[PDB]
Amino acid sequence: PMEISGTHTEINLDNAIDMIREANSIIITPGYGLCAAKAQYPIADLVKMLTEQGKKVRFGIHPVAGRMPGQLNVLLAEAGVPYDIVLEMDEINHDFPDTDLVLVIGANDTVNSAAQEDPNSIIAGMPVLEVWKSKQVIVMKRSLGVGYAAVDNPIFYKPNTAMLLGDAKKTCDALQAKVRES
């Protein structure tokens, strides 16, 4: 017989607010999940407040995030996020090591470390946003489920990764609200 296990951590909204408020630089890497939940709006609002509070907050977009090329740039633009804070993977990937917090919102395949850590993965070698290199990662999705490529993501079990489970819009709505009360 055989068996293998994995351990992940889940945090609550209060803990997430703590991490956000303590962080000075933040990168948001959105994916298909944000698109499905139509979460562009609450996250745009949140980003505006954090920026006005003096934090460095930028979006890092994978060339193939979502389901259509440039789909995330369009939705973020529709939410009124400034174009100067929406960067492409190639221009921002190098900032992860120097980043305090990364908010992974409805992204999975585009931030999957198996692309570099598993030689026998089907996405091995494929370029991804290296979010795990930052100080703290908060993953916002409904579960530890798979993405389009149907493969497990090692970042879910890394020490510096915390899962904030729930629909992307609901979670961003709540965060945006609790930050407005600060």
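Residue numbers run from 1 along the displayed sequence.
J.: Averaging C-alpha B-factors over each stretch, which comes out higher, 31-39 or 44-52?
T.: Looking at the record's C-alpha B-factors, the answer is 44-52.
J.: Taking only the CA atoms, which stretch has the higher mean B-factor in the record, 127-135 or 114-122?
T.: Taking the mean B-factor of the alpha carbons in each, 114-122 is higher.
J.: Highest Cα B-factor in the deposition, which of 101, 72, 89, 105?
T.: By C-alpha B-factor in the record, 89 ranks first.
J.: Pull the Cα B-factor of residue 158 out of the PDB entry and bin it into the chain's lowest, middle or highest third.
T.: Lowest third of the chain for residue 158's C-alpha B-factor.
J.: Taking the entry's C-alpha B-factors for this chain, is residue 18 in the lowest, middle or highest third?
T.: According to the entry, residue 18 has a C-alpha B-factor in the chain's highest third.
J.: Going by the recorded CA B-factors, say which third of the chain residue 144 sits in, lowest, middle or highest.
T.: Its C-alpha B-factor, which the entry lists for residue 144, ranks in the lowest third among residues of this chain.
J.: Relative to the other modelled residues in the chain, which third contains the C-alpha temperature factor of residue 68: lowest, middle or highest?
T.: Highest third of the chain for residue 68's C-alpha B-factor.
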